[PDB]
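A.B. asks: Encoded as structure tokens, here's the structure I'll be asking about.
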Protein chains: 4
Amino acid sequence: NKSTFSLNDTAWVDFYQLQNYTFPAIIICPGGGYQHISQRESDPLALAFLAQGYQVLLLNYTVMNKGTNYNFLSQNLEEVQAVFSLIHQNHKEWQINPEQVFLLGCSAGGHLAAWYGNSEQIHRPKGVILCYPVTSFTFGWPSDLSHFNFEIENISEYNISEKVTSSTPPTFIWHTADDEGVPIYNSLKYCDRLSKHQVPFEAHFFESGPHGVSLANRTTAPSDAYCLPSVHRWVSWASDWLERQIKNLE
Amino acid sequence: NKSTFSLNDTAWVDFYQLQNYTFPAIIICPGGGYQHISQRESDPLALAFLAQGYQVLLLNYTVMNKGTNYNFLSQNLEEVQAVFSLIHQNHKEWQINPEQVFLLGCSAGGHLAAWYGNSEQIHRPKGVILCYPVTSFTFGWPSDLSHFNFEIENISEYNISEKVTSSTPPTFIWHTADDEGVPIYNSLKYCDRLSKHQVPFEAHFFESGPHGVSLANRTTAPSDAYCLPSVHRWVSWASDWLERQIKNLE
Amino acid sequence: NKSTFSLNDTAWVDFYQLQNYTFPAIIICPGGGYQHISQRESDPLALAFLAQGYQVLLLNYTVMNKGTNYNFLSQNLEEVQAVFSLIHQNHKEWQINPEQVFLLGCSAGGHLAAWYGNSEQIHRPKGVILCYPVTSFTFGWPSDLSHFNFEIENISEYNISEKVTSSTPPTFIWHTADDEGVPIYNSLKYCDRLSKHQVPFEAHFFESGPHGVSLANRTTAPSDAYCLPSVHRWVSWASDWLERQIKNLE
Amino acid sequence: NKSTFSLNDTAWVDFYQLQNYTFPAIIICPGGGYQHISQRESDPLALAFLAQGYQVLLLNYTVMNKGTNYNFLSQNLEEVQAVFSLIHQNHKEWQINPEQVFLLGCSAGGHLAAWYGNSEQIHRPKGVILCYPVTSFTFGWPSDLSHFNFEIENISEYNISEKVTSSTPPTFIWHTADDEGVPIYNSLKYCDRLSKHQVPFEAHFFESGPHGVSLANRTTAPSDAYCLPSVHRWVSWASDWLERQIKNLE
């Protein structure tokens, strides 16, 4: 039902599997500002989909929580890539349909997602979902000009907004129109710079809700304010969206 | 059940009423590029809401379909205003709760809506909805630089995007991310320039769908492509949104 | 959009029509214990469907409200029949698809519906819906042994439960499990005596709710207790059911 | 997140727990004709709820799969009882709200559920759900007069239909109107003999679908016929129902 698989020196990859087929899997990228891994965006999130009928690959990509040296922002893309690789070779055993692998991410964890959303091969996700994602370190986030800042002059490079082209996979993006950790602009501008390239996508923007809202269910929420029923609707919208994509495969 | 009320020299105002109370009414602004009145955004639209439990005031605001002279773009705001006025005085007879009047508009008909969405009094809509609205005559629409163009140098004035402030009522905006008549940018940029002013709103953006989609139901659609079930979901989202606002009025 | 058509000496037949095709029509049978016509089960109900994309034929079948003599319970079946007849001949003008005509009824109005649900010809409804229907004058209703009682020894004949066979069309039945006007047994036993004949159907039974609940919307409800959001869900279930049947054709 | 707890000589009790509170837990009773434990009604079912925000206690009650001797049909009630007991004492650690414990069961697993649905104490479930349950060994099931038949003359005693009174907790019952393993009559008659006792409940009956349908999702279904989207709606209806009860408890 579950077993972890070591990736690199610092990169866990939890793999959730069940059994009734070739269930379409989906890799998740929990947020946490590259610092850590927002727990309330992992296991809980996993179950959600695992219950919605999806093999889950929760990626614990390297972050500033294991002795940070260089901008592993590049080393990450590798880690996620390694996941697909893992599938590409263990797709028979994993009971996964290699032609039905998607990528998920929220907050910063999203940034990596959109990032990986280009320049790859038989590791390209047929689609991605970005929950209140981070479009660029130039969009209200990182809040502090100098924090997780470990150099690298080229900052415009770490703006996955520009890195969007016609080849970019279909995406689902939602965001609370009051998220103080990261302005909706992130998702907003991203959509604009996503439609102009005739990229099929769906977007949803809720009135209010704090950053890291996740499922907005009593499963993912510290206080009461983090438990929003109206916002929780996304996990449902996303379900329909995904499957709507599956059907449009052959 | 229904009876029209003459407004100005050129401005019909269809008023739909039913009876079980003080049902919250809602004024609609059918699109049609100020040229005419998109029929597939009127009566059908009316019923939708009238069925969802709302008194309907379909406004047939003056357009280039009755001998156009001057930019009545100002004379319109008056017309819609007259509607509220009509309610403000006939709210007891109309069985309408004056404290529960909302404004609806789509495509260009939306532009007027957002426009009226500021600078008024006891004629201020507790909320508005804008279906693939027109934010400004500078956002991909009017397609032709010179068509419905009847002068008036000051063009930036007819951009209801800037005309959005903290006083702007809560709004619901959706748009098909491929509408060729008017780019999603309209609603998109609008949202951005709507959130920054801490204005509570909800947004939805569908993958594909032609302009004037309306209800996306076999009630509002010329061909098959104009009949989209996934898009039709907005009229449902909108219902919940509205009522969510009503409850938030006690 | 609407125009009535005289049927018999005493039998109105309101016909609601709209225009974008050949929209599937649906005849309705408002309840009212054969005494009158529950208004809160007519016009409001009509719009509901008319909005859900269906031509509506509201039948004002003869009742004890126009000088009652004999048990017109037979004369009714005629009236409804006449409706189909009307369609069969004016199906081109009515813009109705003759192969997509359904029957609706609630409370007693339902009894007639199920009744007509057998022994006919090119007037057979491809499906019927029965809102808290009356299965027989022997199922807790009529409450009074002697009221609308105008003789006719053969009472078992007026039990449309037995009158159900394999030929009976697919039906949708819902009922509030506390309806004091008529026990759920009506719909309950009906389902049993509906499944045994391998008749495809769908049923729903809500916890609580008074008789005549109709849409349970602020459109159909005298007091607050008659406004139930959870119950209102049926009009939505019914929508999907119907259309699920439409698709289940050519 | 998960750990089993031995109950009796032959009775596993899988306990699924998560952590953000006092989440309302729910015990499940997987079906399998008392012979075994329908796998497709356990773990998958658990996740569903565990994702819907519920602590899950999957009960692996004794069955003819571990050397059957006597009609443990009585020994079962004990096993389930022990579960509540376990909670009643470990409700603080389990992070469970003892005043919010519900019972679930399907097919035969349901029979036990309804059964336990009376004659107990601080182990009474505030509500129960029964997916295509078994009302009595006299309702089309057991199919064979002599199979799991291990004596016990008193057969009418094993009919949990009669065992329903005003004290019986609110229940949610659904059933496919074509289930060949067990006729809908089970749930049908049960509803009748459930309403007459003014017991608040909700029912749903789908047109078609084989026995053991479970979630009707690609998570619980051997072939394609066992994957029904329309039927899968129950797990959603159930969610709302349950929570509707939580709110309406305090």
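Note that each Cβ is placed from the backbone with ideal geometry, even for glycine, and that neighbours are counted across all protein chains shown. The numbers here are math on the coordinates, done by the rules we state, and not lab data.
A.B. asks: Exactly one condition in (1) in a loop (DSSP other than H, G, I, E, B); (2) closer than 15 Å to C:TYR132 by Cβ is false for C:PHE150; which is it?
C.D. replies: All conditions pass for C:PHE150, except number (2).
A.B. asks: Go through segment B:1-48 and count every residue that is under 21 Å from B:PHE172 (Cα atoms) and not aliphatic (A, V, I, L, M).
C.D. replies: Of the residues in segment B:1-48, 13 are under 21 Å from B:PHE172 (Cα atoms) and not aliphatic (A, V, I, L, M).
Quick grid of which residues meet (1) among the hydrophobic types (A, V, I, L, M, F, W, C); (2) farther than 21 Å from B:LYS247 by Cβ:
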residue	(1), (2)
B:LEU47	yes, yes
B:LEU50	yes, no
B:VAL56	yes, no
B:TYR61	no, yes
B:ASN65	no, yes
B:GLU93	no, yes
B:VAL101	yes, no
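A.B. asks: Just the residues that are touching a strand residue (DSSP E or B) at 6+ places or on another chain (Cβ under 6 Å), part of a loop (DSSP other than H, G, I, E, B) and more than 8 Å from chain C (Cβ to nearest Cβ), please, taken from segment D:173-193.
C.D. replies: D:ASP179
A.B. asks: If D:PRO222 satisfies all but one of (1) surrounded by fewer than 18 Cβ atoms within 10 Å (Cβ to Cβ); (2) in a helix (DSSP H, G or I); (3) within 8 Å of another protein chain (Cβ to nearest Cβ); (4) not polar (S, T, N, Q), what's the number of the condition it fails?
C.D. replies: Here D:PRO222 clears every test but (2).
A.B. asks: Return yes or no: is D:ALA82 in contact with a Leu (Cβ under 6 Å, 6 or more places away or on another chain) and within 14 Å of another protein chain (Cβ to nearest Cβ)?
C.D. replies: no
A.B. asks: How about segment D:1-76: which strands (runs of 3 or more DSSP E) wholly inside it have at least 1 residues that are small (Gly, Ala, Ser) and more than 13 Å from chain A (Cβ to nearest Cβ)?
C.D. replies: Fully inside segment D:1-76 and qualifying: D:2-4.
A.B. asks: D:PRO98 versus (1) touching a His at 6+ places or on another chain (Cβ under 7 Å); (2) of a type outside the set (A, V, I, L, M, F, W, C); (3) not in a loop (DSSP other than H, G, I, E, B): which is the lone unmet condition?
C.D. replies: Going through the list (1) touching a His at 6+ places or on another chain (Cβ under 7 Å); (2) of a type outside the set (A, V, I, L, M, F, W, C); (3) not in a loop (DSSP other than H, G, I, E, B), D:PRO98 breaks only (3).
A.B. asks: Next question. Can we say C:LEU242 is within 14 Å of chain D (Cβ to nearest Cβ) and either surrounded by fewer than 20 Cβ atoms within 10 Å (Cβ to Cβ) or not basic (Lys, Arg) (or both)?
C.D. replies: yes
A.B. asks: Okay, next question. Could you tell me which residue of segment D:194-214 is nearest to the other protein chains (Cβ to nearest Cβ), considering only residues that are buried (at least 24 other Cβ atoms within 10 Å of the Cβ) and aliphatic (A, V, I, L, M)?
C.D. replies: Among them, the one singled out is D:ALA203.
A.B. asks: Can you tell me which residue within segment B:100-140, out of those that are among the polar types (S, T, N, Q) and over 10 Å from the mean Cα position of the chain (by Cα), is surrounded by the fewest Cβ atoms within 10 Å (Cβ to Cβ)?
C.D. replies: B:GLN121
A.B. asks: Looking for whichever is out of contact with any strand residue (DSSP E or B) (no Cβ under 9 Å at 6 or more places or on another chain), among the small types (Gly, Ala, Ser) and under 21 Å from C:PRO24 (Cβ atoms) here; the options are C:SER146, C:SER85, C:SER74. Which one fits?
C.D. replies: After applying the criteria, what remains is C:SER85.
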